[PDB]
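1. What follows is a protein structure lacking sequence information:
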């Protein structure tokens, strides 16, 4: 009945701020290992409705070309109709939300773009228990995919999900594939990972332990992929293909991503919302690649839903 | 009984010739600047009937990317608003024909620009749509005034209120709500145009389409050889990100085409070859970069008609 209490919210808040700090530190170690000096600069801000956030943004880097790791903890006054549809008892409640969202675009085409999010929503009414749920996930967006990295990414997700239930990875992996689909291109955005929302089916502390496992799991899975490819050479053609593929990432976020669109429509903090867009992206008319090329294999093989771990 | 099938064919011949003349005029600027890129023809057909001619210039010296796109097709899906504004079209055989273009110059001193002229017919219920608009990076006051004067002059024979209405409609439509910015310095925009007899409406889209070409070429000629810095190039790429945001978040034709299985590569030819995004850039208030948004990308009474 109690959970989440204000003490529970504070524990989640402290976890999220520390996770933001540790993700920035781990990625910054990669920037410095490649001879860079760019940092995830802190921009703290406040919302008049209440609360605020800490944005940490690295630009013009040597290894991380652009990255944002974004914390917020705010009062909520507008929700998408789906949330109120899926949870009708939040109507007329005081609500708050807290989370970390991140998108990292490496300079080297041999390291994928990646994204993660972990968040908690709580709606409180007089004489009613709080209504709450968590959401989050992580996902990998390659340009020159490496089979072993895709398997290790999915194995990391499978292993962190296992203690919560033998069905959790399968459900959240499928949800990630279903969500990150670019309908007008008939392509997946990437090679997937985990995605979930409306998570309140386990007791509160089990759900908080899950978002810890997902957030920490993103960091522990992404750093080895940086380390593997940081110094790997690439050609000007591969840079051009990366910029062309980044145009697909912009198309997903501006046409399909529910959080981005809701934020743009309701007067959210536009510069923090659109930190997910890469520093540079390209579009060209009707390019072609040869049948046996890695560029063609990216869309023919990797950007379709696949049973990477052979579970089925 | 207008438009007859003969009338549709007259409109089609006008549109194809307009596409040819726009590509030729812009190609002359490409060659004047030492370039060799051309608006390459891609002809295509659609099983439901009809098809189009796409003409696309890539990797140019003066035109960095440009598409001048003709289509004439049988239409089966229409946006909710079209059936709402014209409820009799429900259940009719329909067709649509038009030219749409977006031109992105290499030199930041030449604005991006856009134009469209089109006709819809349901068998008949018919209407035209179209307009043109200018998207600068380093605006030039005289060019903005000349662009608007060209629009004012071509509208005049159709009525003393036509420019005012289609200029306001352009400002209202090309607004980026989430940035609280106009897309550009405006021009003309109109849809559902069937309030004059058919031939007067056809003469209007001729004036609009020809007017785009006659107004854009002097702006290319004025600035083609004008030097620019690396910082101005970077600002142009950053500003092109706003163009992508408008077309993917607000442009009704783009969104409808993406949602309904249209020809995606033709639809998205409007996006520039390269665009940039950055977090919280700042420019001093005295700079041209800040004046672009503080002054030019707001609705303005350029010609003084409302004073």
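-> Thanks, I have the structure now. Residues are numbered from 1 along each chain as shown, chains lettered A, B, ... in the order given.

2. for the residue nearest to the spatial centre of chain A, helix, strand, or coil?
-> Geometric centre of chain A, nearest residue: residue A:116, 2.3 Å, by Cα atoms, centre = their mean. Three-state secondary structure (criterion: DSSP: H, G, I helix; E, B strand; the rest coil) places residue A:116 in strand.

3. now residue A:12
-> helix.

4. got it, and residue A:92?
-> coil.

5. Quick one: residues contacting it.
-> residue A:125 (Cβ atoms under 8 Å, 6 or more residues apart in numbering or on different chains). Where you see a C-beta, it was placed from the backbone N, CA and C, and this is true even at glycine.

6. May I have the phi/psi pair for it?
-> phi 80, psi 30 (degrees, to the nearest 10).

7. Tell me how far it lies from residue A:128.
-> 10 Å (Cβ to Cβ, to the nearest Å).

8. rewinding a little: who's in contact with the residue nearest to the centre of chain A?
-> Residues counted as contacts of residue A:116 (Cβ under 8 Å, 6+ apart) are A:100-102, A:136-139, A:214-215, A:218.

9. Determine which two of those residues are furthest apart.
-> Farthest apart among these by Cβ to Cβ are A:100 and A:139. That separation is 14.9 Å.

10. What about the closest residue to residue A:239 other than its chain neighbours, how many residues nearby?
-> Distances taken as Cβ to Cβ, 6 or more residues apart in numbering or on different chains put residue A:109 closest to residue A:239, at 6.1 Å, once the chain neighbours are dropped. Applying other Cβ atoms under 10 Å in any protein chain shown, we find 22 residues neighbouring residue A:109.

11. same question, the one 5 residues further on
-> Neighbour count of residue A:114, defined by other Cβ under 10 Å: 24.

12. Dig out what it forms beta bridges with.
-> Here residue A:114 sits in beta bridges with residue A:104, residue A:140, as judged by DSSP bridges.

13. any idea how far it lies from residue A:169?
-> 18 Å.

14. just residue A:194 next, same as before
-> 7 Å.

15. for residue A:120, same thing?
-> Counting by Cβ to Cβ, the gap from residue A:120 to residue A:169 is 21 Å.

16. neighbour-wise, which of those two wins?
-> Each of residue A:120 and residue A:169 has its neighbours counted (other Cβ under 10 Å); residue A:120 has more, 27 against 21.

17. What residues sit buried inside stretch A:194-203?
-> Neighbour counts over stretch A:194-203 (16 or more other Cβ atoms under 10 Å in any protein chain shown) mark A:194-197, A:199 as buried.

18. Actually, stretch A:221-239.
-> A:221-222, A:225-226, A:229-230, A:234, A:238-239.

19. again, but for stretch A:288-303
-> In stretch A:288-303, the ones that count as buried by 16+ other Cβ under 10 Å are A:295, A:298-299, A:302-303.

20. swap in stretch A:256-264?
-> Buried residues in stretch A:256-264 (16+ other Cβ under 10 Å): A:256-257, A:259-264.

21. Show me the subset of those that also lies near chain B.
-> With Cβ under 8 Å from any Cβ of the partner chain as the criterion, those include A:261, A:264 near chain B.

22. Tell me which two of the buried residues of stretch A:256-264 sit farthest apart.
-> Once Cβ to Cβ is applied, these give A:256 and A:263 as the farthest pair, at 13.7 Å.

23. which neighbours do the two share?
-> By Cβ under 8 Å, 6+ apart, no residue touches both residue A:256 and residue A:263.

24. now the end-to-end length of stretch A:24-43.
-> Separation of the first and last residues of stretch A:24-43 by Cα to Cα, to the nearest Å is 14 Å.

25. Return the residues of the stretch 101-250 of chain A in contact with chain B.
-> Close to chain B, as judged by Cβ under 8 Å from any Cβ, the stretch 101-250 of chain A has residues A:183-185, A:243, A:247, A:250.

26. now those in a markdown table, with distance to residue A:281, secondary structure and neighbour count?
-> A markdown table is the format used below for those (distance: Cβ to Cβ, whole Å; DSSP: H, G, I helix; E, B strand; the rest coil; neighbours: other Cβ atoms under 10 Å in any protein chain shown):
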| residue | distance to residue A:281 | secondary structure | neighbour count |
| --- | --- | --- | --- |
| A:183 | 19 | helix | 12 |
| A:184 | 16 | helix | 19 |
| A:185 | 14 | helix | 17 |
| A:243 | 6 | helix | 21 |
| A:247 | 5 | helix | 20 |
| A:250 | 5 | helix | 23 |
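
27. Nearest to residue A:35 among the residues you listed?
-> residue A:243 (22.4 Å).

28. residue contacts, the closest one?
-> A:280-282, B:274.

29. So what sits opposite the residue lying closest to it once chain neighbours are set aside in the bridge?
-> Distances taken as Cβ to Cβ, 6+ apart place residue A:282 nearest to residue A:243, at 4.0 Å, with adjacent residues excluded. When assigned by DSSP bridges, residue A:282 has beta-bridge partners residue B:274.

30. tell me, how many neighbours does residue A:282 end up with?
-> 20.

31. Repeat that for the one 3 residues further on.
-> When counting by other Cβ under 10 Å, one arrives at 18 neighbours for residue A:285.

32. Which residues are in contact with it?
-> Contacts of residue A:285 (Cβ under 8 Å, 6+ apart): B:54, B:56, B:58, B:65, B:67, B:265, B:269.

33. Now with 10 Å, please.
-> By Cβ atoms under 10 Å, 6 or more residues apart in numbering or on different chains, the residues touching residue A:285 are B:40, B:42, B:54, B:56-58, B:65, B:67, B:265-266, B:268-269, B:271, B:273.

34. cool, and residue A:198?
-> The neighbourhood of residue A:198, defined by Cβ under 10 Å, 6+ apart, consists of A:82-83, A:86-87, A:121, A:133-135.

35. Which members of those are the farthest-apart pair?
-> A:82 and A:134 (16.1 Å).
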